[PDB]
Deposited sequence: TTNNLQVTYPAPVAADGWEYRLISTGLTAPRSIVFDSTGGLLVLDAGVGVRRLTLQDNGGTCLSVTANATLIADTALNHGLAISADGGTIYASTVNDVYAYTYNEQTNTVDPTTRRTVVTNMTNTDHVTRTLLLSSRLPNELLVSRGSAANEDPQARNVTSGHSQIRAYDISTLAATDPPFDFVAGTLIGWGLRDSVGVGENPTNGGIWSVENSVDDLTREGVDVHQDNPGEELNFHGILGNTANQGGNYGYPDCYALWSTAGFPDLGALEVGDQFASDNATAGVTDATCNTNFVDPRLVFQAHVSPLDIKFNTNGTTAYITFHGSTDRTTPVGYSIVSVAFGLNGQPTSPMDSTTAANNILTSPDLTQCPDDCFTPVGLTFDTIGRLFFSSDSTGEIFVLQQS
């Protein structure tokens, strides 16, 4: 490599058979990342806009950033970033709007005047990120995620508010869509920041940042509950397993049974009534009217992205890390094994489905001396790249 970048905190530990390298540093707050057609890495640097890193590639993890330009300067862009399959359009989001920009791959420039607003009316308080995903199987379909306005948001009970949900938009048909004009992929999703497509079948998957301060029969159980969730939303362009309500704010998934008041026949993975559920809602109601997660993960690990490998055998998820637990959790990259039907190989009650790929050597140091993984992407040869927003870093990760 050109440069020898090193981390400034006790370094991530790779599982056996993996290796990594830090390749960019001094970014402000890097969120979503994607490759352009010319081998450049586009970085949604929150509060700055979209930056393009030029990389030199000597094979394996031997990559070096040789240059960087700001393609789009806009301080409102806070997370979401996508690029068309032909490479000629960039989509990026603010709290309120999803913009499309023409991207000139001959120059590697974007003319600001080319900006059009494709989706709008998304603004709300608290969860302000708007994850963008373009389908591979249906390349005209743009998915957009949008969280709650508060930890327990009552407007998430009203589907027309557009809070706590994922929408799909046919961009080929485009005066922006209104947020709630899109096909409904899911609602009752508090903050499903990570959304991905499994190539095995085009199955749509999201990962949930579930509720804080969880009380159960008035007892505080927030330390180990509720679960973070892997949720399944069917395939794009069909309604099976899609558009349902995944619980929030009425129902939450169970991670840890021990010391859980009013367990009943509840198992790991099953949802239960929130103490603050609307008048009438019970556990049976959670069981019959709301869509359960397909897997759960350790409470508060805070997943932010999910990406599958070319073959669909494995998904990789970023765990950005807990902020409210006495002993912190997350601060890792994990993988989840998937089968031929495009479902996880683990049962929905498993507590061991997340396999560690890259971890913080000592959780007691986090957040302050730990990476906080956010964005993931694959290059053309299957190498995995990821962002760490709080340390201003980009890493490459691969099997050795």
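- No alpha-carbon coordinates exist for the deposited sequence positions 175 to 178, which form the chain's only such stretch.
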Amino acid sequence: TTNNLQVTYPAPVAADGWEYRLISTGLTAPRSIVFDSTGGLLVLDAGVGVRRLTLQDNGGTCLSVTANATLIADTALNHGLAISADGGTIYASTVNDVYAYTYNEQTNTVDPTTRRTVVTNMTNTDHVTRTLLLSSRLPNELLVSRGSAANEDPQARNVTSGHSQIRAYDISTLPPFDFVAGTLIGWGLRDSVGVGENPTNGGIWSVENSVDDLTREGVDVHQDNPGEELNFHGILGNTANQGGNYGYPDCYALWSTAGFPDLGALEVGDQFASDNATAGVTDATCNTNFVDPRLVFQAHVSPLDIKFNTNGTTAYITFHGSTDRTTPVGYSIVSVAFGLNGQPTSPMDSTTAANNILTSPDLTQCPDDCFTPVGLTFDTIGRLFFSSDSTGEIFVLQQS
From here on, numbers count along this sequence of modelled residues.
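- Stretches 250 to 258 and 307 to 315 differ in mean CA B factor, with 250 to 258 having the higher one.
- Comparing the deposited coordinates for 283 to 291 and 223 to 231, the stretch with the larger average C-alpha B-factor is 283 to 291.
- For the set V301, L142, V193, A156, the PDB entry puts the maximum C-alpha B factor at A156.
- Considering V207, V329, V296, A265 together, the PDB entry gives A265 the largest C-alpha B factor.
- Residue-level temperature factors show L44 in the lowest third of its chain, judged at the C-alpha atom.
- Ranked by Cα temperature factor within the chain, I171 sits in the highest third according to the deposited record.
- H163 sits in the highest third of its chain by CA B factor, as recorded in the PDB entry.
- Among the modelled residues of its chain, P347 has a C-alpha B-factor that falls in the highest third, as given in the PDB entry.
- When all modelled residues of the chain are sorted by CA temperature factor, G188 is found within the lowest third.
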